[PDB]
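For reference, chains read A, B, C, D, E and F in written order, and residue numbers begin at 1 within each chain.
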Amino acid sequence: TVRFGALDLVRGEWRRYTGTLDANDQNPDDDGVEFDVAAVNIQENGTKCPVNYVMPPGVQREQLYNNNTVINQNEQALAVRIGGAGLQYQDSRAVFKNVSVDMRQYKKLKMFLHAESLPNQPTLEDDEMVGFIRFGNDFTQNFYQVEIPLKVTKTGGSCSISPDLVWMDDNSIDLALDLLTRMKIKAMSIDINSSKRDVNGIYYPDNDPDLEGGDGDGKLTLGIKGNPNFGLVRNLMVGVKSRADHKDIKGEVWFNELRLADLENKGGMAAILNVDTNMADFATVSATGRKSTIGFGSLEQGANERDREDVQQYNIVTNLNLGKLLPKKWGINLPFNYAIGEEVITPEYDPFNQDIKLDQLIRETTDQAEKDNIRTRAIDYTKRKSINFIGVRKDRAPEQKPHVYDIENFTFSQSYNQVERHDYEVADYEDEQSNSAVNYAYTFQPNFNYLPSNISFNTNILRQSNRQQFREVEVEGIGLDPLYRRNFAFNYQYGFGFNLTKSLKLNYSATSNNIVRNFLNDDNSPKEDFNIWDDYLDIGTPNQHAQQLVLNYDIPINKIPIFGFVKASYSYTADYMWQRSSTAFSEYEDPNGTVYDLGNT
Amino acid sequence: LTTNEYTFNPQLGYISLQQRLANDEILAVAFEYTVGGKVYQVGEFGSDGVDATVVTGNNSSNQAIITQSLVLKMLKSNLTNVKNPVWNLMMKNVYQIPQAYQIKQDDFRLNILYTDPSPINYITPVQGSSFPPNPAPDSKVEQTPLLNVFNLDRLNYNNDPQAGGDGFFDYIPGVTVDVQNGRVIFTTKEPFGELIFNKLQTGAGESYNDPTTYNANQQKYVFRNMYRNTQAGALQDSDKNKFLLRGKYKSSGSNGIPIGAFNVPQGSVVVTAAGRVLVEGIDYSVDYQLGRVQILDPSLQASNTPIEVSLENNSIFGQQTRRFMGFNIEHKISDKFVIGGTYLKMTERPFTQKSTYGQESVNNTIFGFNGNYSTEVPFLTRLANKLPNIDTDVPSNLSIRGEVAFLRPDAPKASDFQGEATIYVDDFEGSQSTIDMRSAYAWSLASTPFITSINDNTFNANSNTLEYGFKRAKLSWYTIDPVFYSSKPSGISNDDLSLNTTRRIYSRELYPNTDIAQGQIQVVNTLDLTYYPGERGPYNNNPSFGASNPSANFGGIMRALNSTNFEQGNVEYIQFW
Amino acid sequence: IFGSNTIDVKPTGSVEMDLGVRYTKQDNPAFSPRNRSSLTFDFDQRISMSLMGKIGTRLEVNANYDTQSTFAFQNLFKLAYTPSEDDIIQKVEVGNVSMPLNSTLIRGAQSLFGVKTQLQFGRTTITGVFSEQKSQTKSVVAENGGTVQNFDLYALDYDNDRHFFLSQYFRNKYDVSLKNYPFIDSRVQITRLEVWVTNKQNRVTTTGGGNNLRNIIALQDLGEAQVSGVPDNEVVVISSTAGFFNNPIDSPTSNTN
Amino acid sequence: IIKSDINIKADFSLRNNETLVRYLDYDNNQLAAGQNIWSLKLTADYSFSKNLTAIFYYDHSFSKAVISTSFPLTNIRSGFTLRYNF
Amino acid sequence: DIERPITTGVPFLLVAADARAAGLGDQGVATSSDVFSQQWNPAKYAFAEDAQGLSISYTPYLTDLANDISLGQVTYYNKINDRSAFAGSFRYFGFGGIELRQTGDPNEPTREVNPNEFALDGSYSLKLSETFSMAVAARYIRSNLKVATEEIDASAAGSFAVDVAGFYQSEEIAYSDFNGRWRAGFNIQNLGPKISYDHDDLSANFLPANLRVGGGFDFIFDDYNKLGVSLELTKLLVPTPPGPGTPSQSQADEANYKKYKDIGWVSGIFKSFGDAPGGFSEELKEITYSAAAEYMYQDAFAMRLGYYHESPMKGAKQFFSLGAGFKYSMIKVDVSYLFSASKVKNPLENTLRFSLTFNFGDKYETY
Amino acid sequence: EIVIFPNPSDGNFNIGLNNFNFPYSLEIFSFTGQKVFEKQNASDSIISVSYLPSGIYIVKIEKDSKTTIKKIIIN
């Protein structure tokens, strides 16, 4: 009789890393090393044979309320077992995880490590097994490595061992992240093919004979390879490496409570000034100036949500009723809006390397050109300007007979928006948008009738110009070639209805969109030296044209006194559309060189 | 599959399912298509295929039933094998834009950047090497935006070809975009694989299918394992997932700004146009019941300016208790001059004493000093009256509002470990999930197993006769019903319930450190397997079963697994107590 | 301390209270005989009360307790004690209080539960609050109407197991056909397509496009010819292709290939 | 001293549903799915006062098994409901 | 944190079920006589001012998340004479309806189950002296929190308990500046056999036997204003489970737990005073306390403030409480709110408890 | 209608969506009110939350304007 008190397929979040972490081996699927990863619990492994599982000193179990009862939550550690043949001299085995962790607001990275020997196997000695954390954008090119030789918990006697001896403070990783920053700055001057790098390309300051102080930690060994970023950790790995020269070491290592500590809680400042004035229902000025420092934010914002930037912004909005400058006898509604403004943003961290303070990188550069490049590429500058003439109309006179040719039926709306930008991604960014709209709408008031009941017609001139030049972050020597998007358009739709008969009703409408292509050469090459106001009143080639026609007919068959009960009603909606095909169709070229016109739709 | 469960591209010959097949599902197709006047068919339709059933005979005693199968084309196999060409039929160039339903042009921006570690939208050659010299205009890599590198920017706004593109993602609803489902499809089947390999190819000695021949630029930028391996398998190639599709889209649906909340408190909505706070009565209006914000300013509507709406939504679920305290001074220097001294503190109370990354608690304080001065200026009115056609008498006003604020943040003392503000990247209590296998009714009688290899005839698993079942000894698998322990059935004594094979197991014995809520299950329902090797098993016709060695017999059960992809699920081991 | 002794705090609405028995019997043979049936007691409350009034012309009481909706913002309770305007204390609010601030750098809180007091020293107004906040701040960005949603995908984050080429022919024609997009260098027009999947629902219904259940055999190499630039082993899984093909090396996918 | 009307509503329902799959060439009438649910809802309103009312409710639903994938189910919800208005 | 908490069956018996006592820091053993005086002290039902009273109380759990997960209470008291009273209470903690479904059939008769826990009790209170009264209560507790599945039996676990209570209410004594009144009360409750959730004599849980002793004083101003301050001490009468060890390694803990669980409830009541390595100073850590002040205006407006503190080593439930009460004509409405001050997340946070009582019958003069 | 596969599950269960717009937001809450599971851009039917301690849990399904709250049992 076999009674399974538990039977489970156990799946883990930490994936077993396959592939070599050392270049001396280069054949990971060999060596006969049984590498297992599991979990050790206070609820299931309190009677473990080599060492019973206990919480690290100072660690308590979480307490929740299930149903008016206090439930102690489970405490777990990640267990890594290396057995069979054992690790070679420099070989390592590790597990990994994909994360998104920002640790720029915390000063310390702490973690508990425990080491023990496998039962019925040769004993693991102190400083032979090394526990390492490798974190960054990957595990082979861009990572910080933090290593610690492991003191082995002595076994052989009782299984119950005190927590202070199971989790020794000598085995606890307590890393200052400014040490990683200084390692990164120092390795900036180390060549990729330098002899100071290892076979794996990792730069260890402790192994540098020309550096004083090493990595600055007497217990941890720090290394860096490829410009990683702890401001956004995408890949986190924990593993065990060997340091025994002529020996294959076997054992089990527990990892617990990988945490960030010592939050940086320096506050921030903000100032805002508003000047709002109105001038005899004719002028309205609103000026705003904001200046916020690094560390400011809202009450509810977290460590990574507060402003890591110095912001200096202003915005002036001015409204005029220019129609009041004209006599009220012939009323003109001509409002004019002018909104200017700009903001400058200086990041706390340099956008390159993403995890070093901008000022610290500037100070430790010793090259004026590089300092200028860093300062200029860090700045995020935005500027907006808007000129609006929306709603230009002439109001109806108090006693005036409406007429089809009256100017009171017209409305004018002009809009101009300009955005200048330059930041870490764009060296120069232009965005211009001009929209001119003329709207006309008249309704009539009281063989068949041919007088339209109402006539509608509006026109639009939309021009969008966007110049986008991406920067070379390395040097401000050339930059990328500017890219131009132009969306010059001319739109007009009209409509009118007839009431030919008391039963008939005929509504017609037609919309047309044309694209203006005066900014293009004979080939498919845009012209850099082009102005958005070059040929404003230009009607381009047609691009789309839609027509809609609706007929309603009550069929007055009741006139004949034989069919006076019929209540027929006919409706006919007709739609037509013409769509211009792309130039890839209208001038398609075969490999033979001939050109065909594939036509529109 | 019903036509509502999938779509397909009639020109490019691929299909997209509503439900994805992340399991052992089998996908089969039959399709016919027309090339000009020619018609080609690949599968076997229900209209032209063989009949489902053919019956021979008149009565069931002598009838023969012939059930016939349609011959279709396999797109996904029962067992995954990335080395077969059927694996290549699965597309890996389609990306689902999250929460996108009706993406449209002018409301969708997409860019490709290289994050190593910062977002850079061009590619630099590896030190000591350079990109291939004199490339074709469509194969430029050096100082080229990544939209052009991955063949996503060759047209302008109106989809007309342009020399270097307009710098924007090409929006073709039939080629690069799935409008109805918000999906972006690359113009190549392996944009980050063979396409970038061909862009960086320097000679005929480099083969895309042979990674050992890469030229140290394909070694860095060609992420071939995302196409030749599964996503979980491609996770092992860490140094390659550096290309980022970063973009945005505008979701409108109806008129008005959806603030993503309903029945919000009045006066909690703050709208900022371009660094200036708008007026709730003039520049915009708020529909509080429907959670809408309508911009009433004509200049801002035709502005394309990002407008920030910050509201307070009280439909909070699973949030920590936050205490909000503080005072506000409103001293009045004169009838038109006010000084304020607001001080506020907001603390959060974590559920536990460990704060995981992302679920952190704040203990923030903010204090500020403000000044307001609003006066009437008749000089501006008199100046306005000097204008040509202005004769108004409405007063002109000035207002100056200054304010300074200081934020001192912190973490609550409750979530501190040894006196420091602690955030747990991984405390390791969330790892190692389990799937329970000890459910008795989920197991059934097993087939005869092989014990060393497919060629090993130990338990007669290779036999095609009754001998196939000759080695099956008796095995019962059960969970002892609680009727035996609670309401003692007749014929069962207390000695029958104390044997270590029949006794009830309590959680306090197997899990002494586990806390159980009162009123819940305090017993462990073990899966008991009683094996009789000397007793004949089901369907065993061994002429001499009692004359053989009982240790040569077997007793087995089998079970179906709901999650078949162990690699994706990272099924690490089998654990049993 | 109070203006008068009149107390007109009146309750309106309704209160409901259900007491009963629920008997359930499911004839599952796998269940224990002790689980033959379950006889539980049902107790339900549907409190739908409001409470509006005044106490001594100084306290205003406004309460709404409704156990049929979200308690986060519906169950309301406000006690407002307003002394004479000549006193030092102008207002004491208990329950659903608000902290409105005429400030931009410091935002107040609207939905709070706690104690709010207000003092007036001649010309100085001091408003103090101590409460628990019942809401969270949410920020959206909108351009030209609707809100802006940002997305950041990685190359490895493709839509997996959802999109399938119909054949190796289409897969190998995809890149060349899209060389000059939006023009497609292909005349293929998929006119008819039937898709079959593994049936685990085991549900027969006439409204789901009819009951079309068939035995299916799916061949990996069905309808595949050779490809000019692709070796045979990357197009078909058949061990030996000698005599397998009977069509030219670039034939479109077809049953006769 | 207390006198008021008693309002009784009874609602009985019996729903049978069957799904058969028939082969044309031989007798293979397969029972694919099926339901047989009969329910009874009794309610009795009695007004003690202008504000206090009592409602006796008795719901009894039985679902018989047509195919073995479903089990017979008996649900009986009985009791009283006191409502007090203001 | 919490060090070796006392584990008992049906802990929902200890949760305050009414808003009046909730606003007073979860104490009612020595407050004024009221309809909700059954969970706290039935002995003051003989001191009730009104002849007959009914009350419905509602305590929601997960107020924002979902309804129907709440503790309701229905209490009814009736004092036939000037000297005696019969009361009956029914407490019901429930999660509402839960649907059990195993297949995606749109047309599928599914099983709706309501896991719950209810206690139905009846008390008789008799006034011995003119200022003192006793009370005896019998309670039946039934727990049906588990759901019937395979290898799981959802048979409800039942138990019986007896409560002995005493209440003393002095005459209105005049002082220099006011004329207050003194009150005292004691209650030994939940005395009964262990409840076995698994229906086995080997596995049983102690009933939450509780001892509550309290005292209060009322300052009476102008005969229309009252201020009552009350203080209550509460101690569980259940033995504390052993901690590290009080005799291999796990064998000592196993023996300690076996010794602890093999203790009768009658012996467990007396064993609760001690049975720990600590002395009287550590014995005082087993007692929780509550202090409240309630202001009465016109005997129709009530403003209650309370503070409840448990030991940090057990339960860890300390908080402040506010409460408001309004009597319109014969109907009293009470609302209560809780501000937690402990590290463990109280499930009653952000919860407004409601109570509604109707009083009817003739009036009894207070002595 | 929203369908939850076996309600007294071990932590591994399924959703019963009726083949509609697949992106839905799923949130699993403990009896303490704590947030124990988040899932946006959700399309996979199978939900694996078997690391949660036993008890009743609240599942919120948000599908466009549709909001649904159901109770599940983890035993």
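Everything below uses one rule, namely that a residue touches a chain if its C-beta (ideal position, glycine included) is under 8 Å from a C-beta of that chain, and two chains touch if they have at least 3 such contacts.
Labels paired with UniProt names: E = Type IX secretion system protein PorV domain-containing protein.
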Of D-E and A-B, pair with higher C-beta contact tally: A-B
Whole-Å separation of chain centres (CA-atom averages), subunit E against subunit F: 34
Whole-Å gap separating subunit C and subunit D, where each centre is the average of the chain's CA atoms: 33
Where subunit A and subunit D are represented by their mean Cα positions, the distance between them in whole Å: 55
Mean-CA-position distance for subunit F and subunit A (Å): 28
Sequence positions of subunit C contacting 2 or more other chains: 10-11, 15, 17, 19, 22, 24, 26, 30, 32, 34, 42, 49, 70, 72, 104-105, 107, 132, 134, 136-137, 180-182, 203
Multi-chain contact residues (two or more partners), subunit E: 1, 7, 11, 64-65, 104, 111-112, 145-146, 149-153, 155, 250, 345, 347, 350
Residues of subunit F whose C-beta touches two or more other chains: 29, 31-34, 55, 60, 75
Chain pairs in mutual contact under the definition given at the outset: A-B, A-C, A-E, A-F, B-C, B-D, B-E, B-F, C-D, C-E, D-E, E-F
Residues of subunit A touching subunit C in the complex: 270-272, 274, 298-300, 582, 584-585, 588, 598
Interfacial residue positions of subunit E with respect to subunit F in the complex: 61-62, 64-66, 95-96, 98-102, 104, 106, 115, 146-147, 149, 152, 345, 347
Subunit E to subunit C touching residues, read off their complex: 56, 58, 60, 63-64, 67-68, 70, 72, 74, 90, 92, 94, 104-105, 111-114, 116, 118, 142, 144, 148-156, 224, 297-298, 300-301, 322, 324, 326, 328, 331, 333, 335, 337, 339, 350-352, 354, 356
In the complex, subunit B residues that touch subunit E: 315-318, 321, 349, 351-353, 414, 439-441, 479, 481-483, 485-487, 504, 506, 508, 512, 518-523, 525
Residues on subunit D engaged by subunit B in the complex (per definition of touch): 23, 25-27
